[PDB]
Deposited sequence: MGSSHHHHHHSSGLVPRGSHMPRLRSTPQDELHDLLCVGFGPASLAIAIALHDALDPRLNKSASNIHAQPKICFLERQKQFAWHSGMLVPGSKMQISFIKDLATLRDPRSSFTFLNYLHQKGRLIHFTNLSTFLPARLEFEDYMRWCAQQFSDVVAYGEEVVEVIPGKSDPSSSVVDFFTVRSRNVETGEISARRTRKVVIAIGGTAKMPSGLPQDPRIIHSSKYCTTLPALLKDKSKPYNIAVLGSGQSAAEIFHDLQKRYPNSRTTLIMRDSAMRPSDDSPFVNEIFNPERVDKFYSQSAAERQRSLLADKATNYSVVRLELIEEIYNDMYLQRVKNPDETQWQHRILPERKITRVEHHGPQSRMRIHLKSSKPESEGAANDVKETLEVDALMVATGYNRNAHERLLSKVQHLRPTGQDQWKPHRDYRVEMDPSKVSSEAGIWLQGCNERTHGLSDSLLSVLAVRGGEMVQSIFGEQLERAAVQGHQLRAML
């Protein structure tokens, strides 16, 4: 439970996006006000005026990548509450207990539930906050607010959102803003725009509408060699059984993701303090050394499955060029021909060896899945009408350790501010975009944003 604020009142906090980062904040505030879990909150009566705006029509966790049988890449103990308080009612185990499913999950013997199940757990959590989440609202800008228009100090912010069904613009006033909008699809700048070129994030939701007949002999290419690329390549061979699929990667091979126990301690919540305090050179060097814990890597078991699928083809035909499904390593796409009335595009491939008697290959494909990752800079556009409130000379938003961005103290009241969530890897460590530290961080955020107010 959290009771709603009338839309027109001045909010204490408005959060943009209701994915796992914002949801853990919602959960942490709930637990902070629960006197059974927090002996102090016995004397507390007033609840902060909180509001969440989410672009999707309901809570959903990367729905375009809910590939049948995909598993989480992280232990369920790192759910949205347990590392902060195992007694919380929002643990994965308590959710299973409520679904009457806990003993059955115990016999699974896995730390890595299906992505479908973990979505249901977080959907189960999120439903308990329906009175403070406005769905179908896409935030478009954040503009400065002044209670006295003749004042030179901004003391609140107006968040504007467009309803995804009507297009109507709504305005909500708040003292503090959290931006937790995840990542945007990153496409190679050389690729043209075309309904047959689909980022991995829209795989489950748009590809079936393009290629309607599940038995047709489509040619489908996949670009990339990380977890998204591997899952799409593996699934397409099951989803379209008569298809010819081609995995295109600029590396020489899929490489295994690293979560060996010592290396994995960089994701511990208490490391965030050490990481933040290092110099920019140390943080950059560290992120590069631990690259294989998260980016451009595939879970070993899935590498092993794809290799076995390829081995079976080799058993049937010693000639790799005749295989139904193929991996073309150390290639890059140099041209995509897509104009004209035909269904298929023509992809031109050259070696990915640095430009420093080469051969060019062509493919005709009905679709190209682009599994080339994500950017986390969409907040720059959302915050562009308040960036003049930054300190003189900053070209980028600067979060402190507590995730609040730096602002000119003469332009912004100390009672107003903006916080960033999920886009702070460079200052806060490889865990920032993941589920890794969300439970603990939600607690930190509730202290940071509401600590004085609750006390």
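In sequence order, the gaps in C-alpha coverage of the deposited chain fall at 1-22, 379-382, 482-494.
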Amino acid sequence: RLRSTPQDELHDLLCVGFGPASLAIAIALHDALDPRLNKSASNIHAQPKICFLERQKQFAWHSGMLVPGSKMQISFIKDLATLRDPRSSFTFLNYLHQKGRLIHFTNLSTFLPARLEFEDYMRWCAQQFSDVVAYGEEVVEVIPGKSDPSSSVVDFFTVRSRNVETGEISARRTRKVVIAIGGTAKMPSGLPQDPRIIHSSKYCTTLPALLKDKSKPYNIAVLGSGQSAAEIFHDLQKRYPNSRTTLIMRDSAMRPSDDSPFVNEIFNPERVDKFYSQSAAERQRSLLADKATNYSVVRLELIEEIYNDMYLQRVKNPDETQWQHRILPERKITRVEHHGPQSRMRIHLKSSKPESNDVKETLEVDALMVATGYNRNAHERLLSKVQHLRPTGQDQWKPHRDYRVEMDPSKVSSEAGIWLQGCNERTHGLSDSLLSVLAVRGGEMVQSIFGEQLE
From here on, numbers count along this sequence of modelled residues.
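Throughout, rigid core stands for the largest set of C-alpha atoms superposing within 1.5 Å between the two forms.
In a rigid core superposition of the other structures in 7 other deposited structures of this protein, 333-341 and 262-270 differ in how far their CA atoms stray, and the farther one is 333-341.
Modelled in this chain, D290 is likewise built in all the other compared entries whose models extend past it on both sides, so a third of them omitting it does not occur. In at least one third of the other compared structures of this protein with flanking residues present, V359 is left unmodelled. Look at the mean CA B-factor for 261-269 and for 335-343 in the entry; the higher one is 335-343. 57-65 and 39-47 differ in mean CA B-factor, and the higher of the two is recorded for 39-47. Of all the options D402, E425, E406, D395, the entry's greatest CA B-factor is assigned to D395. For the set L210, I306, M249, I179, the PDB entry assigns the largest Cα B-factor to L210. The deposited CA B-factor of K99 belongs to the highest third of values across its chain.
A114 sits in the lowest third of its chain by CA B factor, as recorded in the PDB entry. In the deposited entry, the Cα temperature factor of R283 sits in the bottom third of values across the chain's modelled residues. Per-chain ranking of the deposited C-alpha B factor places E138 in the lowest third. In the deposited entry, the Cα temperature factor of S448 places it in the lowest third of its chain's modelled residues.
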